[PDB]
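J.: Sharing a structure below in structure tokens format, with a few things to ask.
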Amino acid sequence: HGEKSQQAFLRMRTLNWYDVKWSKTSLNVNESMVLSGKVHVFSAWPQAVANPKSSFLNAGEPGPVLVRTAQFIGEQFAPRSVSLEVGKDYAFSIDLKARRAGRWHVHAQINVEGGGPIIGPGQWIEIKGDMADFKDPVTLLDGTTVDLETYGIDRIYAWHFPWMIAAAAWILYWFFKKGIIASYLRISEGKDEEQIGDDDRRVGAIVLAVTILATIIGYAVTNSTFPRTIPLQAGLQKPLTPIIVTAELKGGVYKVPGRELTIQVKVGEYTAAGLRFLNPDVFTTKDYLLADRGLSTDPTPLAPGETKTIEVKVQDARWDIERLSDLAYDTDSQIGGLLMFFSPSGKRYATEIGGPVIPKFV
Amino acid sequence: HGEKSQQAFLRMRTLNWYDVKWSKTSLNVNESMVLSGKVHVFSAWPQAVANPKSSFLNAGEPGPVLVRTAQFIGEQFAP
Amino acid sequence: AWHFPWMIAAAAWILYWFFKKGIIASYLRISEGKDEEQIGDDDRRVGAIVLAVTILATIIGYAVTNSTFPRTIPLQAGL
Amino acid sequence: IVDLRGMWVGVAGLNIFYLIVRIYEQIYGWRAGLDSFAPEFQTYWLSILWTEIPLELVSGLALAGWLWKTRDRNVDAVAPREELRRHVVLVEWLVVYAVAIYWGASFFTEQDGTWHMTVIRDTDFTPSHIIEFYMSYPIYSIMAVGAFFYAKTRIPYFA
Amino acid sequence: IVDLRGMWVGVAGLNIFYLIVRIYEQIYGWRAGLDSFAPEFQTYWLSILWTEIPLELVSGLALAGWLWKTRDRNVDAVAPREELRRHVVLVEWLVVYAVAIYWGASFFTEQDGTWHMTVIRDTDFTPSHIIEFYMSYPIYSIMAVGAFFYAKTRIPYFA
Amino acid sequence: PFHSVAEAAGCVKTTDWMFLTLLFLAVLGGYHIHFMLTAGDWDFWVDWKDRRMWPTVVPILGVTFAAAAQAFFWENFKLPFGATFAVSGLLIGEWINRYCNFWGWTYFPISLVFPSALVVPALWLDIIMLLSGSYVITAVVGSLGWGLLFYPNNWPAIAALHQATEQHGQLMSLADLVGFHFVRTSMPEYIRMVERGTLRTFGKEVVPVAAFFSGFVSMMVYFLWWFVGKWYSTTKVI
Amino acid sequence: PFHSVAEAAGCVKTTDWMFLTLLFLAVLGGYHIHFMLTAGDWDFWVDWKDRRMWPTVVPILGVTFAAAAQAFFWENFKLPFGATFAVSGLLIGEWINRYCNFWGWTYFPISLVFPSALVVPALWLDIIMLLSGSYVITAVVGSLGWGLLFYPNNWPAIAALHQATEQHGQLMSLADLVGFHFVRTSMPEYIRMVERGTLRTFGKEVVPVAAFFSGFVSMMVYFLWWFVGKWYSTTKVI
Ligand SMILES: [Cu+2]
Ligand SMILES: [Cu+2]
Ligand SMILES: [Cu+2]
Ligand SMILES: [Cu+2]
Ligand SMILES: [Cu+2]
């Protein structure tokens, strides 16, 4: 449903996806679900990609099988873009609503119009029933209760068609003044107004006035299929309220191909590719986009007031499967992501990474 | 002398004009007057309008009937 | 050793095609009625060859020079 | 003598082919060919690729041969009844070539516009993307190369 | 009768001149003409400027005069042996004009590209910059104004 | 020649009828395919269906076809069945692709997506054409309204879908929201030109054959330029 | 006329030979000078020798010369010694200037700087030309590979200089680093056009003389346009 085919490099330095869940899992024809996520905006944003100044979160809905009751991002539900910040973090979740049958993965993505569509983790949604039902409603201030997935379509065909009607009104009608051939030689051969001359002309002259007069109608009657109507709302809102350990990576190496990566983070878990690299040294997992027996550490604990030149080993399968050993291509060989460190109790102070990792092949 | 014909929306989100007065009211052929004002620059600036990074304060003088001895804005008189 | 041995297969057309008479001997050798004296067969199949020779003698480079290393990177840059 | 619908095989042999292709792309591409790394793609989908180019080369050349060595040869001097009869045909192809286009212009040309607005693009090898950039155009590109290839060798003027 | 290398003076009188110029620019420009405010520049370098333009005007006009009043005058009606003999010459100049270009196109035209990538540019009066924008082009600009100036007045057609 | 006057008339009114199509269901294509890339889908998503930005594009772009198409047919057949000949093509072209595809494939509300009305203009064109059958005249006037008419024309299909509701302390248009619901993605590629200036062209273009005679009469491109009313047909945006 | 058949043949095979040069060591110039400004030195510094950005420029730009040059020579002399006739010029042109200048003047590693290989393409061009000597055909096919071949061609001279080392916790290509070492500067000016559309032109251009007959046959510019394979010869970048 996307990814993989996204040179790691950037996919791993544009947006850090942690805390991602999903309300339901089996919504039905009309039950709502909520994409759940908190995402970090890397600090050393890839010059390649434009400034995530303006962007947008969304439904990775292969074909809209759910809907869009509303959204949550930064400190607001926004229709147009919003502004993520180089370093800060914003929470988000997005209301949808089963509308169509099927059972497909569903990603949460903050697509950046500034040159990019970055997709964070997603999760299948067993929607059940028959699209045949489903009805996404709402109501114009006027109080009028309307059903969206089927409002006005009637209006269209009822007008955006009755011209494809007055269409033949020329088509056929003008196969009277002899179609081609009977019109062609009917042309070179001396002057040929046989096609034109009067009649013919005044005939259209009419159709014209008919047509136009039969148009002032629409703009008048359709000027009453409401009396008060607005433009289309859009733009941006500078606002966006964020949320509320120190890594360095000085030293790094990884596979080619393999599924391993080492680090020398000097000062829990590890994300980057929206991927999980739990510190099994403390976990009990609660899919393919996450690594259970994730991070491999030196079990020596780091507690308040202290420090260490710690070394971290990233190992698991999904680091190859989901395309990460791709740093072969990707211009800037650097890496990126997070470091989910927790309290002896379990209260995660989280630092990030970002560093030029070096590879070694087969 | 302008305005009105300025879709509110923006006119109401670009610059906040408070504390506005005028030195004289009846200056004569050569007496100086001073436009008086303190203005706020909205926080959620309309993406429509470009960043007020560079701009300029001025005389809405329909035809120059006064002049320009100097200006005051920010912490400076700028040309 | 490579970015030259073509400035080599260079003359391979240069001279070689001064056989089917250089200019003049080719020009009037042209206006004057149809003139395939330059073309016709032979000539053509000759290149047809050189072409296949050249290309086949190119899959080489991309194969052998695909082994003057096995693993190589792009060019690193950015900010 | 002055021919009927040589368009039989034409319109028919097409509208159904093409139509169907729309059905087959309803299934597989939308329940298999929904990811290029997903096998159900490279067997029950990406299959119609090394399946289409092959043909659209032998076909391209197909008319090249047949439609050629099957020319009046001793054309020009020809039955003044035959000319405005060999057009009846010529002006028949450009009619198949006609509709033929419609698909590579008003179908898999704009259908690839609804597809863009579904998947976060895998490769230039998605469904609509496969039956357009690679199918539809080359698909009838031949038609043309024939409906002129025929017309140049089976008709006077075109010499 | 049908001439030899009138190109003697040509190719020779050039390849050495130009060549040398490359030697002289090896020294001074690169050990004097390395800064426009540095005197060793305006004497042992910027010297080849009010030294080149002067010539490239008298020279431009040079051929203008000589090459003119030295035309067949009563041309057109001319020795049918002489024509394809006065070309042997014409088609000789455009050969000097030839190589002539090469310098103002494949030398001090791209040499000024290695120079850009050395000094943090002083003025448009650096070395390569002086023997190109001012030398090389005007340098043979004349050649041309003659190898046609000759050809129009010493040959029929060109009238 | 032709045999009996009942064949000579036959293999005419039939080749003639069967002919008319060749043109349409072929020009149409070459046209839509264009109107697409040109009118960046201001004729696609109701949410892109605005006031300024929109009826300023389709208006213009929606002609170097609807125009030559005219100058074409009307010329050699003084058949004022041209300007409109074009349109329909696009409408019946898109309108088709609009259904089944968007609708029956990743089902899209026939509401969010649906082409813009043109049939009208075409007429006030093919007509200011019929009467007064000269270029310039049909250009200035004709082109003029051809754009003014645009929006006013589309009011019906458009108007209603602009009423507004208050979604979470904010304002939007039935339209807007329809765009909020049922989601999609980006643009999102490009190269889209080999297949064009290649074979599909000079492997269909050559006709010609070595000798002139052509549909290069599209010196209607002109027709378009004088559009500067469509850029007028804009300031019908307060 | 010509005197004895041993002069009449002489002052021919000699003016003819001496002639061939005039063209080459003159067209070359007018060509390189161009290929320079056009191919912004993606044919200069190995560090600019990449994948996308590069074999997308030289490819195209590297033709409205290698092309007309062809259509030129092959035309009036059905001498398929054209497309390649061009190239060499550039190569022997730059390759020259590359040495002595960059090298013997502010010495530059013959490594950091060194032109791109073209000889190959030229052939797969001057040939898909020879056989099948028609325009369009030589355009579509020919132009096509003319670009695909590009990179693959240059693999040799390029490939090796891309191995990588770890300079201070970071990664770079032999290439990259060669660019780090031995330094230079900027672009860094411009006006560069008087000398061009002046005298060097209509003071050499006029030829003509009042009457036509010309090398305006460069209606090969076309040749170039159909390049849309070179823009294809791009997506040979993963
Ligand atoms: Cu997925
Ligand atoms: Cu997904
Ligand atoms: Cu006022
Ligand atoms: Cu596409
Ligand atoms: Cu310079």
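Following the order of the structure tokens, first chain is A, next is B, and so on, with residues numbered from 1 inside each chain and ligands from 1 in the order they appear.
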May I have the residues within 7 Å of ligand 5, computed using only C-alpha atoms and all ligand atoms, as an mmCIF file with N, CA and C atoms, in the first residue's frame?

T.:
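As a result, selection.cif now contains:
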data_model
loop_
_atom_site.group_PDB
_atom_site.id
_atom_site.type_symbol
_atom_site.label_atom_id
_atom_site.label_comp_id
_atom_site.auth_asym_id
_atom_site.auth_seq_id
_atom_site.Cartn_x
_atom_site.Cartn_y
_atom_site.Cartn_z
ATOM 1 N N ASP E 112 39.167 29.170 -20.072
ATOM 2 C CA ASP E 112 38.623 30.183 -19.183
ATOM 3 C C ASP E 112 37.692 29.519 -18.180
ATOM 4 N N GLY E 113 37.558 28.199 -18.297
ATOM 5 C CA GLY E 113 36.699 27.436 -17.405
ATOM 6 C C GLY E 113 37.498 26.788 -16.295
ATOM 7 N N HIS E 116 38.327 30.036 -14.095
ATOM 8 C CA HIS E 116 37.230 30.391 -13.185
ATOM 9 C C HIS E 116 37.474 29.646 -11.887
ATOM 10 N N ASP E 124 37.090 41.016 -15.397
ATOM 11 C CA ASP E 124 36.824 40.254 -16.614
ATOM 12 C C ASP E 124 38.098 40.385 -17.445
ATOM 13 N N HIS E 129 40.510 34.957 -19.641
ATOM 14 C CA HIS E 129 39.457 35.947 -19.867
ATOM 15 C C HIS E 129 39.884 37.071 -20.824
ATOM 16 N N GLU G 189 30.606 34.566 -13.359
ATOM 17 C CA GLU G 189 30.201 35.858 -13.973
ATOM 18 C C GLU G 189 28.933 35.868 -14.855
#

J.: Could you give me, as a list in words, every polymer residue with an atom at most 8 Å away from an atom of ligand 1, counting only C-alpha atoms and all ligand atoms?

T.: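 These are the residues that qualify: residues 1, 2, 3, 105, 106, 107 and 122 of chain A.
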
J.: Atoms to include: C-alpha atoms. Write the selected residues as a short mmCIF file (atom, residue, chain, number, x, y, z; two decimals), in the first residue's frame.

T.:
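Output contents, as saved in result_6.cif:
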data_model
loop_
_atom_site.label_atom_id
_atom_site.label_comp_id
_atom_site.auth_asym_id
_atom_site.auth_seq_id
_atom_site.Cartn_x
_atom_site.Cartn_y
_atom_site.Cartn_z
CA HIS A 1 0.00 0.00 0.00
CA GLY A 2 3.08 2.16 -0.54
CA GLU A 3 6.47 2.26 1.23
CA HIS A 105 -4.11 -2.44 5.63
CA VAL A 106 -4.61 1.23 6.47
CA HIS A 107 -1.67 3.59 6.91
CA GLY A 122 -0.74 1.40 9.36
#

J.: Residues at most 7 Å from region 3-16 of chain B, counting only C-alpha atoms, excluding those fewer than 6 positions away in the same chain, as a PyMOL selection string?

T.: chain B and resi 39-42+45-46

J.: Write out as a PyMOL selection string which residues come within 8 Å of region 9-17 of chain D when counting only C-alpha atoms, dropping same-chain ones fewer than 2 positions away.

T.: chain D and resi 6-7+19-21+96+99-100

J.: Only N, CA, C and O atoms, please: the residues just picked out, written as a tab-separated table (two decimals), in the first residue's frame.

T.:
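Output file selection.tsv is given in full below:
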chain	number	residue	atom	x	y	z
D	6	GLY	N	-15.63	-4.94	-42.70
D	6	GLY	CA	-14.43	-5.72	-42.52
D	6	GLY	C	-14.10	-5.41	-41.07
D	6	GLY	O	-13.19	-5.97	-40.46
D	7	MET	N	-14.90	-4.48	-40.53
D	7	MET	CA	-14.81	-3.99	-39.16
D	7	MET	C	-15.36	-5.00	-38.20
D	7	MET	O	-15.32	-4.79	-36.99
D	19	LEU	N	-12.66	-4.26	-23.18
D	19	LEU	CA	-13.67	-4.31	-22.12
D	19	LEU	C	-13.23	-5.28	-21.03
D	19	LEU	O	-13.02	-4.92	-19.87
D	20	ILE	N	-13.10	-6.54	-21.44
D	20	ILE	CA	-12.67	-7.60	-20.56
D	20	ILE	C	-11.47	-7.16	-19.73
D	20	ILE	O	-11.49	-7.27	-18.51
D	21	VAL	N	-10.44	-6.66	-20.40
D	21	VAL	CA	-9.22	-6.20	-19.73
D	21	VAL	C	-9.57	-5.33	-18.53
D	21	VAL	O	-8.84	-5.29	-17.54
D	96	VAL	N	-11.50	2.08	-36.91
D	96	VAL	CA	-11.19	1.16	-35.84
D	96	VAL	C	-10.10	1.90	-35.09
D	96	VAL	O	-10.16	2.06	-33.87
D	99	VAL	N	-12.00	4.49	-32.53
D	99	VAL	CA	-12.30	3.94	-31.23
D	99	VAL	C	-11.01	3.45	-30.56
D	99	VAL	O	-10.76	3.72	-29.39
D	100	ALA	N	-10.17	2.75	-31.32
D	100	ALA	CA	-8.91	2.24	-30.78
D	100	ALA	C	-8.25	3.30	-29.91
D	100	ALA	O	-7.85	3.02	-28.78

J.: Could you list, as a VMD selection string, all protein and nucleic acid residues with an atom at most 12 Å from ligand 2, counting only C-alpha atoms and all ligand atoms?

T.: (chain A and resid 1 to 4 58 to 63 103 to 109 118 to 125 287 to 289) or (chain D and resid 34 to 35 118 to 122)

J.: Pick out the residues no farther than 10 Å from ligand 4, counting only C-alpha atoms and all ligand atoms, and list them as a list in words.

T.: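 Protein and nucleic-acid residues within 10 Å of ligand 4: residues 108, 109, 110, 111, 112, 113, 114, 115, 116, 117, 121, 123, 124, 125, 126, 127, 128, 129, 130, 132 and 133 of chain D; 187, 188, 189, 190, 191 and 192 of chain F.
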
J.: Please provide as a PDB file with C-alpha atoms, in the first residue's frame all residues within 12 Å of region 59-68 of chain C, with the sequence filter that same-chain residues fewer than 3 positions apart are discarded (counting only C-alpha atoms).

T.:
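Heads up, here's the output in part08.pdb:
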ATOM      1  CA  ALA C   1      42.543   3.033 -21.220  1.00  0.00           C
ATOM      2  CA  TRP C   2      38.866   3.408 -22.131  1.00  0.00           C
ATOM      3  CA  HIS C   3      37.926   7.057 -22.485  1.00  0.00           C
ATOM      4  CA  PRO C   5      39.885   3.673 -27.328  1.00  0.00           C
ATOM      5  CA  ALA C  52      26.871  -4.888 -33.306  1.00  0.00           C
ATOM      6  CA  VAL C  53      30.647  -5.030 -32.845  1.00  0.00           C
ATOM      7  CA  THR C  54      30.608  -1.737 -30.967  1.00  0.00           C
ATOM      8  CA  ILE C  55      27.649  -2.600 -28.758  1.00  0.00           C
ATOM      9  CA  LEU C  56      28.752  -6.161 -28.025  1.00  0.00           C
ATOM     10  CA  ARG C  71      29.852  -2.785  -4.589  1.00  0.00           C
ATOM     11  CA  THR C  72      30.017   0.971  -5.227  1.00  0.00           C
TER      12      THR C  72
ATOM     13  CA  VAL G 120      29.619   4.862 -28.534  1.00  0.00           C
ATOM     14  CA  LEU G 149      23.691   3.967 -23.857  1.00  0.00           C
ATOM     15  CA  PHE G 150      25.088   7.096 -22.218  1.00  0.00           C
ATOM     16  CA  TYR G 151      25.649   6.028 -18.634  1.00  0.00           C
ATOM     17  CA  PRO G 152      26.147   2.324 -19.314  1.00  0.00           C
ATOM     18  CA  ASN G 153      28.721   3.507 -21.802  1.00  0.00           C
ATOM     19  CA  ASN G 154      30.571   5.695 -19.287  1.00  0.00           C
ATOM     20  CA  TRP G 155      30.547   2.919 -16.658  1.00  0.00           C
ATOM     21  CA  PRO G 156      34.186   2.089 -17.362  1.00  0.00           C
ATOM     22  CA  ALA G 157      35.748   5.508 -16.939  1.00  0.00           C
ATOM     23  CA  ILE G 158      33.248   6.188 -14.205  1.00  0.00           C
ATOM     24  CA  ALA G 159      32.452   2.965 -12.262  1.00  0.00           C
ATOM     25  CA  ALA G 160      35.781   2.481 -10.449  1.00  0.00           C
ATOM     26  CA  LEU G 161      36.055   6.081  -9.162  1.00  0.00           C
ATOM     27  CA  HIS G 162      32.953   5.443  -7.032  1.00  0.00           C
ATOM     28  CA  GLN G 163      34.303   2.947  -4.444  1.00  0.00           C
TER      29      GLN G 163
END

J.: Just the residues within 9 Å of residue 51 (chain A), please, counting only C-alpha atoms, with nothing from its chain fewer than 2 positions along; format it as a count of residues only.

T.: 12

J.: Near residue 23 (chain C), counting only C-alpha atoms, which residues have an atom at most 10 Å away, once you skip same-chain residues fewer than 3 positions from it, shown as a count of residues only?

T.: 18

J.: Compile the residues of chain G that lie within 7 Å of chain E, evaluated using only C-alpha atoms, and express the compilation as a ChimeraX atom specification.

T.: /G:1-2,15,19,21-22,25-26,29-30,32-33,93-94,97,101-102,184-188,200,203-204,209
